[PDB]
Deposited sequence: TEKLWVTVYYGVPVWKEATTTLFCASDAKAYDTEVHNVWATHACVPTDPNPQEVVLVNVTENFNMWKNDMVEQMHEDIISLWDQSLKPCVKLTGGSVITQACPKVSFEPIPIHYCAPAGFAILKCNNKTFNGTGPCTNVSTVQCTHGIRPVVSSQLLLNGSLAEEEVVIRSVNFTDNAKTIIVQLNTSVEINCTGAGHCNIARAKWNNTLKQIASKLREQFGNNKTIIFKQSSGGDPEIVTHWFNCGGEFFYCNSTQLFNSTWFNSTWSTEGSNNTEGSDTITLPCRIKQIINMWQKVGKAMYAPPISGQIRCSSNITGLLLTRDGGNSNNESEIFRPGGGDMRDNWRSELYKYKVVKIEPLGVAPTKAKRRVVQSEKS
């Protein structure tokens, strides 16, 4: 028995949160002898080259960047990279000491795409201003993530991805002051480094950059508080200064001139900000607990230009700070670095289709 309008039977997709070993894809070159290219070639796949996603209309999905097993896997890969790449001269770990050759090697991060294998898929939030924990009402499916450079560093997030609208801040718990505040900029700020032991940053641009962040923070902590930035409260050299790699050498830059501002406190300058920097042969490990010593720098000319696309902050707070909040540079857990890129993704398991009911 039929009537007028042709009834349609739909085969609706069905998936479920899951975990599996993903593979990766890169534009690595088999003729480049730099470590990232060498590693990527040995463990990755050629690229896209015209990526497309399957938008899923009127679908809502819940995410949780702070519990994304994609991060744990990427972390292990970047660790596994440094193991065969940056060979230190000395390795101190657990009452144990090791000595080995330590050849200087070209070292520049190359974008990596993490892809779902046969049977799985990766949901992706298309909502531009998304905090990373909660419902996304604009998801879609992808084969592979975007280009993610394994930039290891603290305080400032380099060569990353900008927010598509306004400055975004993300935290597993804004209330808990022990928790990092991953920040995403909508406009990159160039930091030009040199082996001469300093780093340049446009003063006026970085000034506005802070006003944006400040306004986003003042919004999160009640529209009435004064936002102040201060220098690292102390810790290891890799935390207290803007620690970062640049051409095989580890740089430790003083960042106090960056974070000495006071905002929303209603009561001559320098052309650009110059940061005191210094390479170090003896560094703390980020992989695990321990130290490592490296060989002396090669040539004097060491230039590295990068884009500041993000920040790792921490708040002070306490049962005393009323009418104002204090924020200092931070970081250290390289997973936050990963989560600043893998925040909109989520790997899912695909299973048999389900048919749709009829209501009106």
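Residues 268-276, 370-379 of the deposited sequence have no C-alpha coordinates in the structure.
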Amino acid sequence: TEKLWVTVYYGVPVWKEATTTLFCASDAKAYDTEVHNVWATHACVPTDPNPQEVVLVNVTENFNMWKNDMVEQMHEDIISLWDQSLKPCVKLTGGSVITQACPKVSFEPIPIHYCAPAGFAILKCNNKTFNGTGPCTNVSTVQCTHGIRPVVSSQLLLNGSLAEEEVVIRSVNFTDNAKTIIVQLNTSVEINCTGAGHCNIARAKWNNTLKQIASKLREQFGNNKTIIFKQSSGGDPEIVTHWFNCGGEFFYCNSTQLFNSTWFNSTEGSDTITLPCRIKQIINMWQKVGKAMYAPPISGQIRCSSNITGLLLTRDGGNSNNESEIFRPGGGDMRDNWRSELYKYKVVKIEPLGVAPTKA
From here on, numbers count along this sequence of modelled residues.
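Taking the PDB entry as given, 269-277 carries the higher mean Cα B factor of the two stretches 269-277 and 228-236.
When the C-alpha B-factors of 39-47 and 62-70 are averaged, 39-47 comes out higher.
Within the group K104, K124, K216, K288, the record's highest C-alpha temperature factor is found at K104. Considering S154, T175, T194, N260 together, the PDB entry gives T194 the largest C-alpha B factor. Among the modelled residues of the chain, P109 sits in the middle third by CA temperature factor in this PDB entry.
When all modelled residues of the chain are sorted by CA temperature factor, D77 is found within the middle third. Compared with the other modelled residues of the chain, the Cα B-factor recorded for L342 ranks in the lowest third. Residue-level temperature factors show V183 in the lowest third of its chain, judged at the C-alpha atom. Sorting the modelled residues of the chain by their CA temperature factor places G160 in the middle third.
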